[PDB]
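What follows is one structure encoded as structure tokens, with my remarks underneath.
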Amino acid sequence: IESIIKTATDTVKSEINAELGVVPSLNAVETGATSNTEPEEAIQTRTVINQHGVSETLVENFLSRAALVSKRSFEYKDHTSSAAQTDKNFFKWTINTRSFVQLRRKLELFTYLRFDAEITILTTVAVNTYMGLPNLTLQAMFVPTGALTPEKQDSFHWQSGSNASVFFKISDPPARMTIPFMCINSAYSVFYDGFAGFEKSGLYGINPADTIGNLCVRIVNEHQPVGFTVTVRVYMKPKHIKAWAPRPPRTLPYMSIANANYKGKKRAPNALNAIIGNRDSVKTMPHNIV
Amino acid sequence: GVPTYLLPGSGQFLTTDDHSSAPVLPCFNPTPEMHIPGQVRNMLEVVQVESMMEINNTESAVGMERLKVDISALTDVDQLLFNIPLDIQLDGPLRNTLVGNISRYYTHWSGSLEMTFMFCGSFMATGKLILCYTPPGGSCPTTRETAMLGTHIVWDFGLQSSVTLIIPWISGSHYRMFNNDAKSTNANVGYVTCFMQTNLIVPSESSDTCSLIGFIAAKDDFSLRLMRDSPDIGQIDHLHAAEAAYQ
Amino acid sequence: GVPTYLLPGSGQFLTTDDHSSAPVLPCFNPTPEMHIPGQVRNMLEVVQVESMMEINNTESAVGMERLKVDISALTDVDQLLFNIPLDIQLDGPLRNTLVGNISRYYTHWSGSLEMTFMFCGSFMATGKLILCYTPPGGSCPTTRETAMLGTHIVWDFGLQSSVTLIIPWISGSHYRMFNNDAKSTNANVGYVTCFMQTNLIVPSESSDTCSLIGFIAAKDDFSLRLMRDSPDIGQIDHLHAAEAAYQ
Amino acid sequence: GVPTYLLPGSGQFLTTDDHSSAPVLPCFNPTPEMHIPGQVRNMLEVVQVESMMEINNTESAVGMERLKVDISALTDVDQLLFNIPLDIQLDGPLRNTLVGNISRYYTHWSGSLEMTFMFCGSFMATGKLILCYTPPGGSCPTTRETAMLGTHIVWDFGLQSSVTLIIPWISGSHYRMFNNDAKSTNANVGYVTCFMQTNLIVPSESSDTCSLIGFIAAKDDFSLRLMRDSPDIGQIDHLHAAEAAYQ
Amino acid sequence: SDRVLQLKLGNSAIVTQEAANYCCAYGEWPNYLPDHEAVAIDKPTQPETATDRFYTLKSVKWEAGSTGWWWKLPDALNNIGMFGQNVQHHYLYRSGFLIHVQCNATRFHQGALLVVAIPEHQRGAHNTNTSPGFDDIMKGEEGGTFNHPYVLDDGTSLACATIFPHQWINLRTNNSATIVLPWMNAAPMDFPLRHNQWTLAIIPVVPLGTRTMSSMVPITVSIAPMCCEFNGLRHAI
Amino acid sequence: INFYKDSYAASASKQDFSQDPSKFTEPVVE
Amino acid sequence: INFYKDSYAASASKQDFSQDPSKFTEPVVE
Amino acid sequence: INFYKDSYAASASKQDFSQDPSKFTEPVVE
């Protein structure tokens, strides 16, 4: 039954027990229920007034940590003889939570998530001699998924009629935006057991309703006579979080961001056929006190 | 105007700060909330669900053979079957559990544990085991005379094929640390050992080697604090197709 | 003074921020408000007005010939006349409509549509049509046996020269996306097809080829969200006389 | 927005500023408070505890011999035994005391002191001493006729082996400074001298040289202010294993 | 008392005598879609006893080196009975499921099955970075076989798979498992031919073993849809 | 401190102490 | 937050939920 | 001035004027 739990529960004292018909330490794993044997029923306990709060394991606290989701370095220079596969003073990024594995395993502890995401953008610059670091203006434009993204630094898509842009400088504090809960469903599917199109040639596991959008970031300045290397780090913090149906954590290393494929490490720990590193026997104690 | 002055800590980005920020989409209406089954509001709900221990974390135990302990009929009395190291920080049998994975996001822990053991022999298989918990201090007990002097439960295999060994919170401090020193007095929990109380006695058509499955959950006096990143996941390179999110 | 500290997001210019700024002209008195007819306070007022579909978006249909479908007398039964793709993001018959242009400023949409068809033959022209809506999943239905199994309306041309095919909101999700994948399960709306229920039957002095005009509006359960720039307008250079605004 | 302006002192880091700062760990629950004996809430609780004076701060007094004064039987009357300089800033007998160490964290001081002397001869040892306090102005008094004209106490050694010389707060100013000039009128406290009132008279089996131990505390009218770093501790290099905290 | 159980849905009934207390997933029971959560505006068809009835699949042979079996829902039932005809003639779909798994043997046999229902079991492939295709996922009535059930074929873990709605068939205790599933989706209804809400996984944690005569031991799966709704009537694909 | 006109702009809501572990630990019906 | 002395200096006024679609959808007189 | 949601974030608490010197100066029992 649902109740409000602010601290961990208290222990009551117990006595010698010797009753027929009552066996609380015996259980039934086969029902799928966890054992309800209390510590008062297994040993003799004392009264403990437990004042240990439980507020740090709240799902709001467990997930609302600003985590790196994007890291992109591009050369900020005059791009005339640069190849067309490079970032000519701007980049595009489809917003995902799959690329960096600390937030990914943490969000994949749940099947469904409903959250607002606040987005911190940290820009840092390095000289590509030394003459000083420029205080450049960057534009981060939020483009929805599948819409027209800019193809140039100076394209006319950067004018942002209805697309939300943030203009920010390197010497400022980092730019911070709140992106709302933007799914067309009532929760994001962290896992999607399906195909996202009506044909049999779509992608497995990728629901585009889960995708936030594109993040097109340019430098508004023109090129200086020297080049610079600009690294843009994007940080996502979930907030106002509801979470449903928890899952086993991922044990094997991630291979891709598109799928849940697995290889495992070559030896234990976290190998395919051995998640926990090995000991000599089942009656061998690894860190035995001498 | 209002006379102000900036403090130390002005303009910084703490990753754990709790402020309101600018809406990127004004007058946006989120999707109406639907009831979805199984909402988790505290990660201690997850930690109280029993999950299998890899007690058989040995070589020549490949895959699912690590999730069961094979006991047999013995010809000597008072014999040790298995033992379980109780260090949740350290890569032992308790690491890949629901209580073990969520706790490695934290540094301090407190509260009682429970070990559930399900016997998976035949109906014809009889036997009695003793499941001892030893508070820390000395070595792990290797004989049954030594080990039953601590917290134990004697279990006969019958109509209920399961017991629970409550591992009580017996600590000097309020919390225990997930420090690297497993032999520390702030970290070492103690030992769990299993012995033959009588013997595994089967007839000639039961399989002579039977199995246990060990489970561990946390009780509702369990508590975790001081949050850290998990040592269970990590990368030394970008994942596959991560550059294609920029193309 | 007041001790303060700057947050992340300080000094930025978001283009969607909602703050008060400095009056360039103090004590300025704006012109008194006059009642002007036809005030729009929500863009869903505009979206509920019917506007013509270019169902005849073919070659050899030049200009205004694209805004009408020419039906004729046929010598076979159950014959397909036209079909309409329902993708509002994609450049089909629904793009240059009042419901189609305002929706391409947005990314998500929900609600019912209505297709109105006005018959523009002679008074002497009789006939019956069936206007079928097919929920998505398979191909577009090409025979009348297949197509009438979904939402349809049978229309006889008489004293009222118009029907409405309500296209119901039949979706799994609350909203549908204006994503580029037209074959996506979050985007594909379905199909509208028209068939001969009987035949277009005219006398010898009516023109033997008659016309329909298709209209589409939104209903009042219609909703749009997540605003974006329209893909319908764009420039690769400055316009003419734009440099003369600097001279 | 709110019109603001930054004051002088904006963005500085004063090491004594009293502001609230960002929690590095949100929703952290500290350990419950347990009652621990001997809580100190004001450092004037510590300063009122008597602690030994090194009156024997001479050469050939090695270690613990500095914490006692050896008096003997004399063959002349009115003889000086020891004197105590009362400068608490200056390295004299009062520096390594509980009243002397906490006061060197401060610059100004006020209030009465107490000198307790315990006689540690035998039971058979008799004698009388006079313990004189002289307010400042002139030299330290060297004869007993000169010294008893100030604040004194005459003490016979008997069943109670202790007296207290209250050193009264006799100052022109509210406070006295811990300035380097020990001969200043804002710093010099005066002198304490001890004389034979009669003589130390022992029999032939008592040890002919007996000892005193001097103690000093502060009274409850004592006060310290203007806090500074102590001149009693300091370093010219990093300590051992301090680089290993970076390795 | 909790060992005997008759489940009566439609014209189908199942009596069992050697059962456990059955599992309702996440404490929830199935229901129809209420009006304050509805999206599709047309009137749904609720065929009830024609579709809310047990559907028994093909049995699987529990053998020596079995790794496990999985069926995806509603994909395992999209071509069976009047459930499959309502699936193929409609665009939308909403139901829960009452899964009953049967496996018995003698009292000289040993073995344990983990019968676990997994929501949104997105699978992974082994030793490749190409995603699984359509035919790897949409098996249908026959279902599939686990390749690496120790990591649940998705890099996670079988040990922590008791966080999902599950039961056990321990052959000395019970011979059946029963899991009642509600609707488990982010959307209120769904297109049944491209998305699976539940995966029934049956996994040999303790293998089958005896020293008596060798009989075939089958594992039978009966699935009853519960509270079926169907919206978006059209032709059949 | 929330001076924005949208409700999702606000800070994190760390006051949800409602638990129900019995939907995972005792999901059995009797 | 408006500390300016002119009313037009204020932020955007996003609370005008009055509609009248019938002046475009049913402008007929009967 | 404390706009943080944690109580330990606050400024220093310089209002504890309770003394008990007798637990150091007179710890004797009679």
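Every chain in the structure tokens has a letter given in the order shown (A, B, ...), and although residue numbers restart at 1 in each chain, ligands are simply numbered from 1 in the order shown.
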Q. Neighbours of region 41-56 of chain B within 7 Å (only C-alpha atoms; same-chain residues fewer than 2 positions away dropped), as a ChimeraX atom specification?
A. /A:34,57-59,282 /B:39,58,61,66-69,84,93-94,97-99,102,213-219 /E:159-160,162-163 /F:16,18-19,21,24-25
Pull C-alpha atoms from the residues just selected and write them as an mmCIF file, in the first residue's frame.
```cif
data_model
loop_
_atom_site.group_PDB
_atom_site.id
_atom_site.type_symbol
_atom_site.label_atom_id
_atom_site.label_comp_id
_atom_site.auth_asym_id
_atom_site.auth_seq_id
_atom_site.Cartn_x
_atom_site.Cartn_y
_atom_site.Cartn_z
ATOM 1 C CA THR A 34 10.276 -10.997 -2.361
ATOM 2 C CA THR A 57 17.859 7.982 -3.456
ATOM 3 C CA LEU A 58 14.788 9.776 -4.799
ATOM 4 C CA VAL A 59 14.432 9.376 -8.560
ATOM 5 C CA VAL A 282 32.846 -21.417 -4.033
ATOM 6 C CA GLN B 39 6.093 4.078 -11.143
ATOM 7 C CA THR B 58 34.567 -19.438 -10.642
ATOM 8 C CA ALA B 61 31.253 -21.888 -14.652
ATOM 9 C CA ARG B 66 27.463 -18.983 -12.229
ATOM 10 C CA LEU B 67 23.947 -18.342 -10.908
ATOM 11 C CA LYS B 68 23.632 -21.676 -9.071
ATOM 12 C CA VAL B 69 25.538 -23.725 -6.495
ATOM 13 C CA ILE B 84 29.748 -15.516 0.161
ATOM 14 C CA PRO B 93 28.763 -12.240 -5.821
ATOM 15 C CA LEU B 94 26.787 -9.198 -4.629
ATOM 16 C CA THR B 97 22.341 -7.493 -8.049
ATOM 17 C CA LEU B 98 19.599 -4.905 -7.761
ATOM 18 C CA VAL B 99 20.902 -4.114 -4.296
ATOM 19 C CA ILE B 102 22.164 0.811 -7.188
ATOM 20 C CA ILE B 213 19.841 -20.308 -6.171
ATOM 21 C CA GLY B 214 20.820 -17.458 -3.871
ATOM 22 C CA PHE B 215 18.922 -14.172 -3.847
ATOM 23 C CA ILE B 216 19.684 -10.909 -2.100
ATOM 24 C CA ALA B 217 17.485 -7.902 -1.386
ATOM 25 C CA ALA B 218 17.588 -5.026 1.060
ATOM 26 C CA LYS B 219 15.125 -4.519 3.875
ATOM 27 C CA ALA E 159 20.288 -11.991 -12.228
ATOM 28 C CA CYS E 160 18.501 -8.648 -11.993
ATOM 29 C CA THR E 162 13.431 -10.358 -11.137
ATOM 30 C CA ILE E 163 12.700 -6.621 -11.205
ATOM 31 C CA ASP F 16 8.067 13.246 -3.581
ATOM 32 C CA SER F 18 5.564 8.573 -1.644
ATOM 33 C CA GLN F 19 6.736 4.983 -1.963
ATOM 34 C CA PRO F 21 7.510 -1.082 -2.875
ATOM 35 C CA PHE F 24 7.576 -4.852 -7.016
ATOM 36 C CA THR F 25 8.147 -6.891 -3.846
#
```
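Residue-level contact on chain E: within 6 Å of chain A, counting only C-alpha atoms, the set is residues 20, 21, 120, 121, 122, 124, 125, 126, 127, 131, 154, 155, 156, 160, 161, 166, 167, 168, 186, 187, 194, 195 and 196 of chain E.
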Export of prior selection with C-alpha atoms as a tab-separated table (two decimals), in the first residue's frame:
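Listing of part_39.tsv after writing:
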```tsv
chain	number	residue	atom	x	y	z
E	20	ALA	CA	1.85	-20.64	-7.04
E	21	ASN	CA	0.01	-17.49	-6.05
E	120	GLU	CA	9.79	-3.14	-24.15
E	121	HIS	CA	12.43	-5.83	-24.47
E	122	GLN	CA	14.58	-4.19	-27.10
E	124	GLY	CA	20.66	-6.61	-29.03
E	125	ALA	CA	22.85	-8.61	-31.35
E	126	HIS	CA	26.13	-10.25	-30.42
E	127	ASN	CA	29.57	-9.12	-31.65
E	131	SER	CA	20.88	-3.64	-35.26
E	154	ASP	CA	20.51	-7.13	-24.50
E	155	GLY	CA	23.70	-6.62	-22.48
E	156	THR	CA	21.90	-6.42	-19.13
E	160	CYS	CA	18.50	-8.65	-11.99
E	161	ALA	CA	15.60	-9.77	-14.22
E	166	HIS	CA	7.96	-12.90	-13.03
E	167	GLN	CA	7.30	-16.26	-11.46
E	168	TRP	CA	9.26	-19.49	-11.18
E	186	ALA	CA	3.56	5.28	-23.37
E	187	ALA	CA	0.63	5.69	-25.81
E	194	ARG	CA	5.22	-2.89	-35.58
E	195	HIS	CA	5.49	-2.72	-31.78
E	196	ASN	CA	5.53	-5.26	-28.95
```
Report as an mmCIF file with C-alpha atoms, in the first residue's frame the set of chain C residues whose atoms approach chain F to within 9 Å, with distances computed over only C-alpha atoms.
```
data_model
loop_
_atom_site.group_PDB
_atom_site.id
_atom_site.type_symbol
_atom_site.label_atom_id
_atom_site.label_comp_id
_atom_site.auth_asym_id
_atom_site.auth_seq_id
_atom_site.Cartn_x
_atom_site.Cartn_y
_atom_site.Cartn_z
ATOM 1 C CA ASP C 17 12.717 35.124 -23.623
ATOM 2 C CA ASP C 18 9.846 37.108 -22.112
ATOM 3 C CA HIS C 19 11.132 40.114 -20.177
#
```
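Residues of chain G carrying a DSSP assignment of alpha helix (DSSP H), computed from the backbone, are residues 22, 23, 24 and 25 of chain G.
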Residues as selected, N, CA and C atoms, written as a PDB file, in the first residue's frame, can you do that?
```
ATOM      1  N   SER G  22     -16.347  32.003 -35.534  1.00  0.00           N
ATOM      2  CA  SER G  22     -17.553  32.161 -36.331  1.00  0.00           C
ATOM      3  C   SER G  22     -17.545  33.422 -37.175  1.00  0.00           C
ATOM      4  N   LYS G  23     -16.637  34.358 -36.922  1.00  0.00           N
ATOM      5  CA  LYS G  23     -16.506  35.487 -37.828  1.00  0.00           C
ATOM      6  C   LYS G  23     -15.708  35.145 -39.071  1.00  0.00           C
ATOM      7  N   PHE G  24     -15.145  33.951 -39.150  1.00  0.00           N
ATOM      8  CA  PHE G  24     -14.515  33.471 -40.366  1.00  0.00           C
ATOM      9  C   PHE G  24     -15.175  32.213 -40.900  1.00  0.00           C
ATOM     10  N   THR G  25     -15.688  31.348 -40.024  1.00  0.00           N
ATOM     11  CA  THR G  25     -16.242  30.073 -40.459  1.00  0.00           C
ATOM     12  C   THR G  25     -17.736  30.134 -40.752  1.00  0.00           C
TER      13      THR G  25
END
```
Q: Identify all residues of region 51-211 of chain A in strand (DSSP E or B) (DSSP on the backbone) and supply them as a ChimeraX atom specification.
A: /A:53,58,67-76,90-91,94,110-127,137-143,164-169,175-179,188-189,194-195,197,204
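Separating CA of residue 234 (chain B) from CA of residue 101 (chain A) is a distance of 6.3 Å.
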Please, which residues in chain D fall within 8 Å of chain B when counting only C-alpha atoms, and what is the closest atom pair and distance in Å to one decimal for each, ordered by chain then residue number, as JSON lines?
```
{"residue": "D:2", "atom": "CA", "partner": "B:1", "partner_atom": "CA", "distance": 7.6}
{"residue": "D:3", "atom": "CA", "partner": "B:1", "partner_atom": "CA", "distance": 4.8}
{"residue": "D:4", "atom": "CA", "partner": "B:2", "partner_atom": "CA", "distance": 4.5}
{"residue": "D:5", "atom": "CA", "partner": "B:3", "partner_atom": "CA", "distance": 5.2}
{"residue": "D:6", "atom": "CA", "partner": "B:4", "partner_atom": "CA", "distance": 4.9}
{"residue": "D:7", "atom": "CA", "partner": "B:5", "partner_atom": "CA", "distance": 5.5}
{"residue": "D:8", "atom": "CA", "partner": "B:5", "partner_atom": "CA", "distance": 7.6}
{"residue": "D:9", "atom": "CA", "partner": "B:5", "partner_atom": "CA", "distance": 6.8}
{"residue": "D:10", "atom": "CA", "partner": "B:5", "partner_atom": "CA", "distance": 4.3}
{"residue": "D:11", "atom": "CA", "partner": "B:6", "partner_atom": "CA", "distance": 4.7}
{"residue": "D:12", "atom": "CA", "partner": "B:8", "partner_atom": "CA", "distance": 6.9}
{"residue": "D:13", "atom": "CA", "partner": "B:8", "partner_atom": "CA", "distance": 6.1}
{"residue": "D:21", "atom": "CA", "partner": "B:9", "partner_atom": "CA", "distance": 7.5}
{"residue": "D:22", "atom": "CA", "partner": "B:17", "partner_atom": "CA", "distance": 7.0}
{"residue": "D:23", "atom": "CA", "partner": "B:17", "partner_atom": "CA", "distance": 7.4}
{"residue": "D:24", "atom": "CA", "partner": "B:16", "partner_atom": "CA", "distance": 6.5}
{"residue": "D:25", "atom": "CA", "partner": "B:16", "partner_atom": "CA", "distance": 7.0}
{"residue": "D:26", "atom": "CA", "partner": "B:16", "partner_atom": "CA", "distance": 6.9}
{"residue": "D:28", "atom": "CA", "partner": "B:225", "partner_atom": "CA", "distance": 6.7}
{"residue": "D:29", "atom": "CA", "partner": "B:225", "partner_atom": "CA", "distance": 7.3}
{"residue": "D:31", "atom": "CA", "partner": "B:174", "partner_atom": "CA", "distance": 7.1}
```
Q | Proximity to chain A - best of B:124, B:203, B:180, B:76, only C-alpha atoms | A | B:180
**Q.** Exercise answer, chain E residues close to chain C, 8 Å and only C-alpha atoms, as a list in words
**A.** residues 39, 40, 41, 42, 91, 92, 187, 188, 189, 190, 191, 231, 232, 233, 234, 235 and 237 of chain E
I need the chosen residues saved as a PDB file, in the first residue's frame, with N, CA and C atoms.
```
ATOM      1  N   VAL E  39      -7.706   8.856 -26.867  1.00  0.00           N
ATOM      2  CA  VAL E  39      -7.157   9.711 -27.912  1.00  0.00           C
ATOM      3  C   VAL E  39      -7.951   9.583 -29.205  1.00  0.00           C
ATOM      4  N   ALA E  40      -8.077   8.364 -29.721  1.00  0.00           N
ATOM      5  CA  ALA E  40      -8.826   8.115 -30.941  1.00  0.00           C
ATOM      6  C   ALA E  40     -10.317   8.280 -30.692  1.00  0.00           C
ATOM      7  N   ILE E  41     -10.960   9.076 -31.539  1.00  0.00           N
ATOM      8  CA  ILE E  41     -12.302   9.551 -31.252  1.00  0.00           C
ATOM      9  C   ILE E  41     -13.391   8.621 -31.755  1.00  0.00           C
ATOM     10  N   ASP E  42     -13.094   7.696 -32.665  1.00  0.00           N
ATOM     11  CA  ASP E  42     -14.125   6.775 -33.113  1.00  0.00           C
ATOM     12  C   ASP E  42     -14.431   5.741 -32.039  1.00  0.00           C
ATOM     13  N   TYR E  91      -6.411  -0.581 -37.147  1.00  0.00           N
ATOM     14  CA  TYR E  91      -5.136   0.114 -37.033  1.00  0.00           C
ATOM     15  C   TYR E  91      -4.636   0.133 -35.597  1.00  0.00           C
ATOM     16  N   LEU E  92      -5.506   0.422 -34.648  1.00  0.00           N
ATOM     17  CA  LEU E  92      -5.105   0.538 -33.261  1.00  0.00           C
ATOM     18  C   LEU E  92      -5.511  -0.692 -32.475  1.00  0.00           C
ATOM     19  N   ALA E 187       1.840   5.311 -25.103  1.00  0.00           N
ATOM     20  CA  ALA E 187       0.634   5.691 -25.811  1.00  0.00           C
ATOM     21  C   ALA E 187      -0.536   4.878 -25.284  1.00  0.00           C
ATOM     22  N   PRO E 188      -1.758   5.416 -25.339  1.00  0.00           N
ATOM     23  CA  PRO E 188      -2.902   4.619 -24.877  1.00  0.00           C
ATOM     24  C   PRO E 188      -3.285   3.484 -25.808  1.00  0.00           C
ATOM     25  N   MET E 189      -3.174   3.654 -27.117  1.00  0.00           N
ATOM     26  CA  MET E 189      -3.351   2.554 -28.053  1.00  0.00           C
ATOM     27  C   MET E 189      -2.117   2.464 -28.932  1.00  0.00           C
ATOM     28  N   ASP E 190      -2.049   1.419 -29.752  1.00  0.00           N
ATOM     29  CA  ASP E 190      -0.817   1.188 -30.488  1.00  0.00           C
ATOM     30  C   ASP E 190      -1.106   0.360 -31.728  1.00  0.00           C
ATOM     31  N   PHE E 191      -0.242   0.517 -32.728  1.00  0.00           N
ATOM     32  CA  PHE E 191      -0.317  -0.265 -33.955  1.00  0.00           C
ATOM     33  C   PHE E 191       0.322  -1.623 -33.718  1.00  0.00           C
ATOM     34  N   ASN E 231      -9.382   0.145 -32.575  1.00  0.00           N
ATOM     35  CA  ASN E 231      -9.819   1.350 -33.262  1.00  0.00           C
ATOM     36  C   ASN E 231      -9.237   1.380 -34.663  1.00  0.00           C
ATOM     37  N   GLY E 232      -9.891   2.133 -35.536  1.00  0.00           N
ATOM     38  CA  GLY E 232      -9.391   2.358 -36.872  1.00  0.00           C
ATOM     39  C   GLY E 232      -9.688   1.235 -37.831  1.00  0.00           C
ATOM     40  N   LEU E 233     -10.966   0.970 -38.056  1.00  0.00           N
ATOM     41  CA  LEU E 233     -11.368  -0.121 -38.927  1.00  0.00           C
ATOM     42  C   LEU E 233     -11.071   0.230 -40.375  1.00  0.00           C
ATOM     43  N   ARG E 234     -10.467  -0.714 -41.081  1.00  0.00           N
ATOM     44  CA  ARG E 234     -10.159  -0.591 -42.491  1.00  0.00           C
ATOM     45  C   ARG E 234     -10.247  -1.998 -43.071  1.00  0.00           C
ATOM     46  N   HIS E 235      -9.590  -2.226 -44.205  1.00  0.00           N
ATOM     47  CA  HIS E 235      -9.417  -3.576 -44.721  1.00  0.00           C
ATOM     48  C   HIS E 235      -8.314  -4.311 -43.976  1.00  0.00           C
ATOM     49  N   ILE E 237      -4.546  -6.071 -44.041  1.00  0.00           N
ATOM     50  CA  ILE E 237      -3.284  -5.986 -44.762  1.00  0.00           C
ATOM     51  C   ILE E 237      -2.880  -7.341 -45.327  1.00  0.00           C
TER      52      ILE E 237
END
```
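Omitting region 14-22 of chain A and its sequence neighbours fewer than 6 positions away, and counting only C-alpha atoms, the residues within 12 Å are residues 37, 38, 39, 40, 41, 42, 43, 44, 45, 46, 47 and 48 of chain A.
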Should the cut-off be 8 Å, what would the residue list for chain E against chain F look like, counting only C-alpha atoms, as a PDB file with N, CA and C atoms, in the first residue's frame?
```
ATOM      1  N   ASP E   2      -3.639 -21.621  -2.233  1.00  0.00           N
ATOM      2  CA  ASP E   2      -3.086 -20.895  -3.367  1.00  0.00           C
ATOM      3  C   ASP E   2      -2.536 -21.805  -4.461  1.00  0.00           C
ATOM      4  N   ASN E  21       0.822 -18.698  -6.048  1.00  0.00           N
ATOM      5  CA  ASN E  21       0.007 -17.494  -6.049  1.00  0.00           C
ATOM      6  C   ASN E  21       0.360 -16.659  -7.273  1.00  0.00           C
ATOM      7  N   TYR E  22      -0.645 -16.314  -8.081  1.00  0.00           N
ATOM      8  CA  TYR E  22      -0.335 -15.717  -9.371  1.00  0.00           C
ATOM      9  C   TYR E  22       0.086 -14.257  -9.229  1.00  0.00           C
ATOM     10  N   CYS E  23       0.739 -13.765 -10.277  1.00  0.00           N
ATOM     11  CA  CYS E  23       1.395 -12.466 -10.292  1.00  0.00           C
ATOM     12  C   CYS E  23       0.575 -11.488 -11.118  1.00  0.00           C
ATOM     13  N   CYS E  24       0.141 -10.398 -10.495  1.00  0.00           N
ATOM     14  CA  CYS E  24      -0.402  -9.255 -11.213  1.00  0.00           C
ATOM     15  C   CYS E  24       0.722  -8.250 -11.392  1.00  0.00           C
ATOM     16  N   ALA E  25       0.968  -7.854 -12.637  1.00  0.00           N
ATOM     17  CA  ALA E  25       2.149  -7.075 -12.974  1.00  0.00           C
ATOM     18  C   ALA E  25       2.041  -5.659 -12.428  1.00  0.00           C
ATOM     19  N   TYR E  26       3.014  -5.293 -11.588  1.00  0.00           N
ATOM     20  CA  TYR E  26       3.146  -3.979 -10.947  1.00  0.00           C
ATOM     21  C   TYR E  26       1.942  -3.640 -10.077  1.00  0.00           C
ATOM     22  N   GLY E  27       1.284  -4.660  -9.533  1.00  0.00           N
ATOM     23  CA  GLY E  27       0.070  -4.484  -8.768  1.00  0.00           C
ATOM     24  C   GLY E  27      -1.153  -4.112  -9.568  1.00  0.00           C
ATOM     25  N   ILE E 163      13.356  -7.917 -11.308  1.00  0.00           N
ATOM     26  CA  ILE E 163      12.700  -6.621 -11.205  1.00  0.00           C
ATOM     27  C   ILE E 163      11.473  -6.565 -12.105  1.00  0.00           C
ATOM     28  N   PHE E 164      11.395  -7.440 -13.101  1.00  0.00           N
ATOM     29  CA  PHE E 164      10.250  -7.517 -13.982  1.00  0.00           C
ATOM     30  C   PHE E 164       9.200  -8.437 -13.380  1.00  0.00           C
ATOM     31  N   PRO E 165       7.945  -8.345 -13.832  1.00  0.00           N
ATOM     32  CA  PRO E 165       6.912  -9.289 -13.374  1.00  0.00           C
ATOM     33  C   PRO E 165       7.232 -10.720 -13.779  1.00  0.00           C
TER      34      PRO E 165
END
```
Q) If we count only C-alpha atoms, what is near residue 208 (chain C) at a cut-off of 12 Å, once residues fewer than 6 positions away on the same chain are taken out, given as number ranges by chain? A) C: 70-74, 121-122, 124-126, 199-202
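Remark: for chain C, the closest of the candidate residues A:134, A:213, A:53, A:174 is A:174 (distances computed over only C-alpha atoms).
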(Q) Distance limit 10 Å, atoms considered: only C-alpha atoms. Which chain A residues sit that close to chain F? Return them as a PyMOL selection string. (A) chain A and resi 1-7+31-36+54-56+58-61+64+115-118+177-181+237-241+245-246
Q) What does the distance between CA of residue 206 (chain E) and CA of residue 143 (chain E) come to in Å, to one decimal place? A) 21.5 Å
(Q) Give me, as a ChimeraX atom specification, all polymer residues having an atom no more than 8 Å from residue 164 (chain C), counting only C-alpha atoms and skipping those fewer than 2 positions away in the same chain. (A) /C:114-117,162,166
What does the file look like for those residues with C-alpha atoms, as a compact mmCIF listing (two decimals), in the first residue's frame?
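The result, written out as out_39.txt:
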```
# COMPACT_ATOMS: atom_id res chain seq x y z
CA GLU C 114 -12.81 17.75 -42.65
CA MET C 115 -12.81 17.35 -46.41
CA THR C 116 -15.55 19.28 -48.17
CA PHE C 117 -16.19 18.55 -51.86
CA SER C 162 -21.52 19.43 -51.10
CA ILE C 166 -14.83 13.97 -41.50
```
